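Okay, structure first, notes after.
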DNA sequence: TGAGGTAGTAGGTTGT
DNA sequence: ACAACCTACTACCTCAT
DNA sequence: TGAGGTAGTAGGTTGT
DNA sequence: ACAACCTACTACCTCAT
DNA sequence: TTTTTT
DNA sequence: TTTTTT
Ligand SMILES: [Mg+2]
Ligand SMILES: [Mg+2]
Ligand SMILES: [Mg+2]
Ligand SMILES: [Mg+2]
Ligand SMILES: [Mg+2]
Ligand SMILES: [Mg+2]
């Protein structure tokens, strides 16, 4: 099918294209030839109305003649047609500013129809973001409406000038509080310092220090007789009862991490966080930053109407989109009562209703898991523990215990008996069957304070003592609402170290997610999701795709920052076929690295010993590589080297999720724009908000040490959309990313927290990190 | 016993002690109140004849009145007696320079009796290093004679100006070559850039670039008409046939690692490395930097004789040392023919002659291993592989194969049969016994190019295919001389991943270490060492100490850098007793960190689940903690927190191996100086050189959250000396560091290369990283 | 990389 | 010219009867 | 931390 | 005012007959 | 509802 | 000397 939709793009008149472009080459960084801190090769090319076409060799392209006080050589001339499309778009975007078409102007135009509002102590201000895209031979401007939230009160006029209140404020927001200094014209963000173990802030009470810093702020920046008037009006006199906060830089470009700083809690403001604000106010600050497609369309049309210039057009652009058929969603292969491989279509049911029979067994068909792991043939008995945070009230603890026990016995055991016996065990003897989750007897319910080291030590000691001689166990943790991080991660890591798979539920769910009719029971949605997630963590694949993929492997790659270091960690997820029609999932860990660039040589070496069929078994094996972000130049250069030796053919694509392009409709679709493909694979069930598409770009084929660029066809889009529909963490899931990228992200995040179990469950689809 | 020895210390006249010391406090870094190049708080205190007594708060102590162009406050006055001993010593050292007693003067005085020599293209220059120590109430100056090696030829006049020769030089020293720019007055060191995979340098041939850089060097630094004369005399004209080398900073303080640099191979020199120089010249450059104790004594006495000043004395100092008895070395507990526990004393044999019977069995007693791992009760079968680098000649390959097979069968199997049968298997049935190392049949000898990725892949494939269904194997690798790093480590890591323990021998050993009588056999020393190391890697402890230690555990801690990251890795080694008389070794991995400071909270949490007896079983457990280096303030602060909860008592000591203090004698001894203990535990078997002592300092006791400083007694020194004599990597070993620190270093280095086997052999004494 | 020792080259962290 | 210390790498030299 | 979506705050790497 | 993307964290809102 | 089933 | 011993 097809349709016509309106997108937030406006055409650009061709008269803006420059006639003559000069090219210059520098010999040294402008920051060193001269001495002006902050000056870079990009600022020099910006001030001359130009772009940087070679950052390594310092080669820039300019419209005017270069006005530089250093050393350079002119490399000649160039025409607009000899630049690449990206640089053409960047140059056109730069030229749009010289005609008054800038973000500073369009934001002011927008703020005539949407006014900056004030909620509590914060202000929300609309703004726009502008980009340029070359579709075929015409340039289009992309305008995206965003909001910014700022604080109108300093840290002094927030705690009512009581130092103790400042102490509570600093201590209760220890993890994620940052202070921005507004008295400076750089607006640098700092982080407060805290004492180890004992917590508590690090204040210093000394009048001389505060006097020196206040006078330094006056003298260094506002060094005119006039400016001191607004300095005294904005912040007042030199308050002396205010302590000084120990703080460090939030960034690291300056480096030299011995730079102590003293912050006066009178010239700084908190940045923004809804955790430090009342719920009734956070509800209305939100729902103002989210706009329906119609509101965006009317606002953009008004902005275009109130622009007086020939350069840009007066109406938004319309594009032709290709709709996605409904039949594509219903392409999964579940297994029925007997043990067949019936499509889910021929049961008059949808994927969401997959465990409705376990509570009724009279109105909905009985549906059984498609795949069960191999180690469950020998493993038939699994201990289960219930851990409860002592910070909850007794009624909540009893409710959580009862809910966990009922979930295990009433819901899981029915499936465990209908699968193991009714459909399997042909004559008193079968091999693969669902295990048994004990929870039997006392001393398996642990009630310790999970927010302290002593409680965690006691919990670990108890579980380890009970776990002697065993190899796989399950745990249900009922945690409090305010459980700090580095304690959640610690609990999960120390439980994984004993080969115990854990599932955590927080207090707010146990108190506000009660059922519709029976208000003394957990909601059906939550219970079904919990059972599905536990089954997926135990290695059971409840359904598989009915699609037939043309490749032999599908690999997703992602990179995550380290916890306490300056480095990065790579992670990947690999899906095999062995016929095309059925897939498995195995996570692969790539080593540490210095930047966001995966060493493709070490990845394939690690992907050879973890295999049996090799990458060159008998003939050429085709590999599909989806990259979260973009394929860097080093990754592409290192793929030709692998293709030279291993004799494989790689097809690489880039998946992007943060782009300013929007389509003003609510349906699953895709369209081709600027050489890339924008795909909306999901539908929004909430009233307020606009769906964010997925950008597929830069498809290329590498073989025999050669790279050939290609264009994305319809089959690739259909394959990506099909891979989108494979989620093992939620039955009623409508996600955006494809499965390999989605699970590579989670595996990288798990490695960041050093969550490893046995290295042998990973090979058979155990997904503890899901 | 006792003796009197001469140490390189000279007394200092008390008249130098200052009368009045001023104290000042700054408000901001002098690099920011003003704008200089590298001005710091330490340079400011140096130029005012003073020290920095508080770096965090910027509090400095000065002798003169402070002359500063910024903001500061005087904190009052202080007397010399109120400073700590370290700051008193630093102040006295600073005051020694104002009287002409500096390194620049004493080095010039020394260079009258030792002249700077020239070997090949390098120059060796003597110099001195000076320190100050306060022993009881008098200050002593420590003078240490060192040498410096510099290059008198640029990179241009080293390759005879042939660009191809320059390419060969750059490619053959790719790993460890650095270039220092001598045309600059900062003498900054750079590292050349190379192309990935394909290797080869990164040169740029362009006359304009070389002209610009040469003129920039002339203009920026030597900006006087006179200086250009020596610039033209030193380096010559602007040579134009010289390419430009791509290079980056060797350091990282500047950061911003996109700042490429172009180096002219005419203004830079190699720094120094004996790998790039002829062997006959490297032999004579060495043996000139090493001095016997007598030469050092005469040189220092001459230096003191030719000093005209009252400030320092005219003769070296004499100290009273306590000798170490011979009986202490012979305190190991080996096990005899029957299987008893006789001390090695009652056999008329020494530790080195521990396997002389396996070749004679008629002149020396038969000696059996004390301990054998528990996993060998079930394991009775071990595959053995022989891997040979294809870069060796055929005769060397055959010799290596024959030597490995003979080592396994003639030497090991005799022990394996005398232990398993003659002494064990009382009635046809025993449990613990030595396994069998196959090398059975062909297809267990692998000959592939180990310097390339293809050869490593093939080797891994073959070993993994043969290793199917097994759990422990052994490998002997015969590698070439020039085997580059990152290939050795890769081979070891990929072999460990298959649970194969490897031992590597290089080509130079197989060609020059032939036996005395039979020149077609490997030397006895090398063969015995190889067998001992293999046995230790397999978990067999051939001997244990006869000492009785007063503590329950001994823990050694070390920190190592990361390979591709900016971070650090902690490692530790723990020795248990369970009675005080016997010891086991278990390595413990501490997590990643940002600096050289181990998180003591996470270490003890990891040391609880890896235990069974806990740190608080029934009563107080004493822990001894030896730190490689020094205990940082954060580590000490985090130990009181642990002592508060876990109810343990920790005794911490600092072990230092790089200090300028020397004793002019050759015997095992120790003495007390400046509050620290200097211990010489080994004897030098080479003619040239002086033994380097071990500095034990800063003993302290932590319990109930309280820290009490203590003094090192004789029992602590005896314990450290006894722990020194426990090495499992060499039978004829006389090392310096204690065993826990020595093995913590190796475990940290192994973690740096990610060498992990199964996490279950680690807990029971396997030492694959030794 | 037989392993330990004594010699060099370069760089980093801590201090409190 | 900020002291003390760590780390990585390279080279020779000696070991038991 | 039921899991996914849409909204904010801050920071980093790549380009070639 | 260097684009164009990634990461970490926080908050609400909706889900299957 | 602090289990079954064999 | 590209093994035993059971
Ligand atoms: Mg990414
Ligand atoms: Mg990700
Ligand atoms: Mg989860
Ligand atoms: Mg260390
Ligand atoms: Mg070490
Ligand atoms: Mg070794």
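Just so it is clear, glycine is given a Cβ too, placed from its N, Cα and C backbone atoms.
The Mn(2+) 1 site recorded in Swiss-Prot comprises B:558, B:745 together with one of B:619, B:628, B:647, namely B:628. Residue B:596 (active site) has its Cα within 10 Å of the Cα of none of the binding-site residues B:628, B:745, B:770. When DSSP labels each residue, the region 'Interdomain connector' (B:276-361) comes out as 28 helix, 11 strand, 47 coil, counted as helix, strand and coil in that order. Proximity of residue B:770 (Mn(2+) 3 binding site) to non-local residues of its own chain (separation of 6 or more, Cβ distance below 8 Å) is seen for B:533, B:536, B:537, B:728, B:729, B:743, B:746, given in sequence order. Taking the mean position of the Cβ atoms of B:558, B:628, B:745 as the Mn(2+) 1 site, the remaining residues of that chain whose Cβ falls within 8 Å of it are B:556, B:557, B:559, B:560, B:571, B:629, B:737, B:741, B:742, B:744, B:748. Remark: residue B:558 (active site) has B:570, B:571, B:572, B:628, B:741, B:744, B:745, B:747, B:748 as non-local neighbours, by Cβ distance under 8 Å and separation of at least 6 in sequence. Fewest other C-beta atoms within 10 angstroms, among the recorded positions B:596, B:628, are seen around B:596. DSSP gives residue B:770 (Mn(2+) 3 binding site) a coil state; it is part of no helix or strand. Secondary structure of the domain 'PAZ' (B:154-272), assigned with DSSP and counted as helix (H, G, I), strand (E, B) and coil, comes to 37 helix, 26 strand, 56 coil.
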